[PDB]
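Number of protein chains: 2
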Amino acid sequence: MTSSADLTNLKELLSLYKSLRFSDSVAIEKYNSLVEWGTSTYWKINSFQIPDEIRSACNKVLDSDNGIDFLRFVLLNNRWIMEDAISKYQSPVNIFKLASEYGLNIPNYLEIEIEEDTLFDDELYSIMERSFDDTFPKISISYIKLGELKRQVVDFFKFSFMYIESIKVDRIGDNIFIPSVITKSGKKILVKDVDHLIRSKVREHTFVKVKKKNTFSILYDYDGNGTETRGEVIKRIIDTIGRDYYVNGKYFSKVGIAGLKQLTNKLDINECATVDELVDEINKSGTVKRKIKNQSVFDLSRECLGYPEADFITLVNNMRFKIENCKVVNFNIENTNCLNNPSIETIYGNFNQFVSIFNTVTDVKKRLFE
Amino acid sequence: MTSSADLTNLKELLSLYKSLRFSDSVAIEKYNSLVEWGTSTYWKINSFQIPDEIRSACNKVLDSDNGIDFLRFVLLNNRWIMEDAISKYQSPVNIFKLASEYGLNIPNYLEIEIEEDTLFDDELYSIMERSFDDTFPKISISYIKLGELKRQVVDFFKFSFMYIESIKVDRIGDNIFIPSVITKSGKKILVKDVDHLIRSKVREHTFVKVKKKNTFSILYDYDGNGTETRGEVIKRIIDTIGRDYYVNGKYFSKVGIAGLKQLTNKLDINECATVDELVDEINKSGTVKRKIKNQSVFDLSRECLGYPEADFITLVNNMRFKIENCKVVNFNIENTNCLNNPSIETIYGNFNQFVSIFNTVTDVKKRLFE
């Protein structure tokens, strides 16, 4: 009832099971048939970097069914609100509960049992809309029918032209802000990130397409006559936001102790909340002092920010400056073409942080070999 | 006067000279200094596939000075008209003469000796414009100052709105055509390739931007409100050109014996100008007959055209057909979304050739095992 034949079949399963990733075709078809046979005899056979707070719970709930290949999160308001995962056999009904058990933000799952496949209308979405209470701006009303791995998607909306007057920031978390487009008619409009704002060509004192929906209203993508190149937009908005914010990831952040933070990082020392604490920690560290001594404020304050080696220079050589006491007080870029390079604008938006850490390292280097 | 030291220096030059491609930095700086020393002691230390007619002469004239890293050709009217090459020390004055000696099309080099760097005006370009006699549509008036590796570029022009009425082909070579936009005012307008035409939202019976210049007038790129997706354009133009042309490279070509040509290619046989010659050559070839027998007209007439394996199917499954005697007489695609894929439109434009070779292989397979 157990022979050598089954042994041979399972041996081939053994050998090619973890060569399945890139096997040859006959192996994959044989495996489809041998998972078949063994199951009745042997019973076993555009998103970006999500930091770890979510990846831990992801690693747990992916153990709930090995058909799960990814998890689908909506990033909103600096929150990862899962809605489902790409599973092959497990209906997400356990999955959102699990993700709730593992610290993943889930929505208010108010799913009307649908018998006949239908698309929702005025009430059919409105009433669920009240019942949802989405402090998160999620506008896709989708219903999962259990028995499938897809969904029914309903959403209705208008669009018009709104007259912007100015652009703002709005704190949403720790030191983090978003743009709230302010209109000549006293209304605020939302966007997703900084790059949504950029892509829009958003400026002041004109009309633009906006998609108006009842619970939320979102600044509509762009469709018009674009002659205003990207760099001009980047420069304009970087000035408009103010000189106190740099751009971290999808968001802003004020310049502050994070400079001392990164710097203490780069020199293998303890956290120093103030500057004299820093100079002390350096001074007692003969190696850190002696490895500052050989360097320049410029090379060091750019190595503490990881700009690659060179294109930094194509930037630097494109602006004029204002210095006293060997210390930057002002600066301004005058040729805007370089910003049209991708690797360039990531450095440009991230500049005021570099200026500040530069002044700081200047000061410590002055007072240390003082 | 020759010692062991020089031996050591040249040995390092020897070792790292052809590691220079990806050496480490000290090696490259040492090499900069040792090319220096040895030269006084040892005296030695968006273009696409250009077919070989030009690459042979390229390989010769790149031997004229090893500072030459590429050659810059302007492709025009199915001709590779060189204008210079990226040389580091050799002024192109010998290079265009060389390229003339090796069968490379050169322009009419009428260069006014400039003393003071200046930009040309009405006469200053016009007179040279007559003297040039460019049966090729090259509009860049650039002057090389000898003593540099750059140029002075002058060109002035207007633009307006022209009312197209229809679109045409125009034979330029062997079996090759171009589009000549025909306007409601009886004028013809030029373009570079098919893709210029595509990325031009070109249709019938409306106004579009055109850049008007004295000797040539060129259909201006697009800048307007684009809501008409790419696939719709592809379909429209493929129909407009006619059912007798497929798209080879940047150009068109009539369907014809090239089918028999490619087919004879794929089956390792002699050229057969007519179909019965073909059936004979197959019939006497027992191996070729016997390797047709196992196949299907479809798989074979798609292998003779190299469509990869699969997306062909996403195409095929998107159109309706018209067959008699197991032989396609008509077809028409009804879902246009797939054309927005790049690998898809290259197959779509190249279709009528496939239809024709399909009918042919059907016929030979019928008459052979007849």
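So the protein lines, in turn, are chains A and B.
Every number in this note's numbering is 3 more than the matching position in the first sequence, counting from 1.
Every number in this note's numbering is 3 more than the matching position in the second sequence, counting from 1.
The C-beta atom is built at its ideal place from N, Cα and C for all residues, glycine as well.
{"Query": "Continuous beta strand (DSSP E) stretch holding B/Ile185: start and end", "Result": "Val184 to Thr186"}
{"Query": "Contact under 8 angstroms by Cβ, B/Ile192 with B/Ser183", "Result": "yes"}
{"Query": "Residues near A/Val300 in its chain [Cβ-Cβ closer than 7 angstroms; skip 5 each side]", "Result": "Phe361, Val364, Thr365 and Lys368"}
{"Query": "Identified DSSP bridge partners for B/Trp83", "Result": "B/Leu78"}
{"Query": "Chain-ordered residues of the segment 227–248 of chain B with a beta carbon less than 9 angstroms from chain A", "Result": "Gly227, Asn228, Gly229 and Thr230"}
{"Query": "Rounded straight-line distance, which links the Cα of A/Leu65 to that of A/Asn12", "Result": "29 angstroms"}
{"Query": "As assigned by DSSP and simplified to three states, the class of residue 390 of chain A", "Result": "Nothing in the structure corresponds to residue 390 of chain A, since chain A is present only between 4 and 373."}
{"Query": "C-alpha gap between B/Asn268 and B/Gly252, whole angstroms", "Result": "19 angstroms"}
{"Query": "Per-residue DSSP class, three states only, for A/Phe99", "Result": "helix"}
{"Query": "Nearest residue (CA-CA) to A/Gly41, options A/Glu32, A/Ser90, A/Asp9 and A/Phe25", "Result": "A/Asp9"}
{"Query": "Nearest-angstrom Cβ-Cβ length linking A/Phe164 and A/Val211, presumed shorter than 8 angstroms", "Result": "7 angstroms"}
{"Query": "Three-state secondary structure assigned by DSSP to A/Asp27", "Result": "coil"}
{"Query": "Classification of B/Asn328 by the beta-carbon crowding that lies within 10 angstroms, buried from 16 upward", "Result": "exposed"}
{"Query": "Every unbroken alpha helix (DSSP H) inside the segment 238–318 of chain B [4 residues or more]", "Result": "261–269, 278–287, 289–295 and 300–306"}
{"Query": "Cβ-based neighbour list, A/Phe372, same chain, cut-off 8 angstroms, excluding 5 preceding and 5 following", "Result": "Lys296"}
{"Query": "Close-in-space but distant-in-sequence residues of the same chain around A/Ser103 (CB under 7 angstroms, 5 per side omitted)", "Result": "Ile109"}
{"Query": "Limits of the beta strand (DSSP E) - the one that A/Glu168 falls within", "Result": "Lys161 to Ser169"}
{"Query": "Beta carbon of A/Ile53 nearer than 8 angstroms to that of A/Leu107", "Result": "no"}
{"Query": "Status (buried if at least 16 other CB within 10 Å, exposed otherwise) for B/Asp173", "Result": "exposed"}
{"Query": "Reference B/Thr317; option with closest CA among B/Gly229, B/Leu303 and B/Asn344", "Result": "B/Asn344"}
{"Query": "Pairwise C-alpha distance: B/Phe315 and B/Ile31", "Result": "50 angstroms"}
{"Query": "A/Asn355 - containing alpha helix (DSSP H), residue span", "Result": "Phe354 to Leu371"}
{"Query": "Spatial neighbours of B/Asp136 in its chain, beta-carbon cut-off 8 angstroms, leaving aside the 5 residues before and after", "Result": "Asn111"}
{"Query": "Assigned exposure category for B/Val358 - 16 Cβ within 10 Å defines buried", "Result": "buried"}
{"Query": "Host alpha helix (DSSP H) of A/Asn12 (start-end)", "Result": "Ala8 to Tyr20"}
{"Query": "Rounded straight-line distance, which links the Cα of B/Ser203 to that of A/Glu118", "Result": "48 angstroms"}
{"Query": "Same chain, Cβ closer than 7 angstroms to A/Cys275, five either side skipped, listed in chain order", "Result": "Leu263, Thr267, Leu281 and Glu284"}
{"Query": "Endpoints, the beta strand (DSSP E) within which B/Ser145 is located", "Result": "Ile144 to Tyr146"}
{"Query": "Neighbourhood of B/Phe123 by C-beta distance below 6 angstroms, restricted to the same chain and skipping five residues each side", "Result": "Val157"}
{"Query": "Nearest to B/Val205 (by Cα), restricted to the options B/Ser28, B/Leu127, B/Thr232 and B/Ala88", "Result": "B/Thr232"}
{"Query": "Own chain, CB closer than 6 angstroms to B/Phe76, minus 5 neighbours either side, in chain order", "Result": "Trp83 and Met85"}
{"Query": "Contacts around residue 398 of chain B, its chain only, beta-carbon distance under 7 angstroms, and the 5 residues preceding and following it disregarded", "Result": "Only positions 4 to 373 of chain B appear in the structure, and residue 398 of chain B is not among them; the question remains open."}
{"Query": "Between the CA atoms of A/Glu126 and A/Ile115 - distance to the nearest angstrom", "Result": "13 angstroms"}
{"Query": "Identity of the residues DSSP links to A/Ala88 by a beta bridge", "Result": "A/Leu74"}
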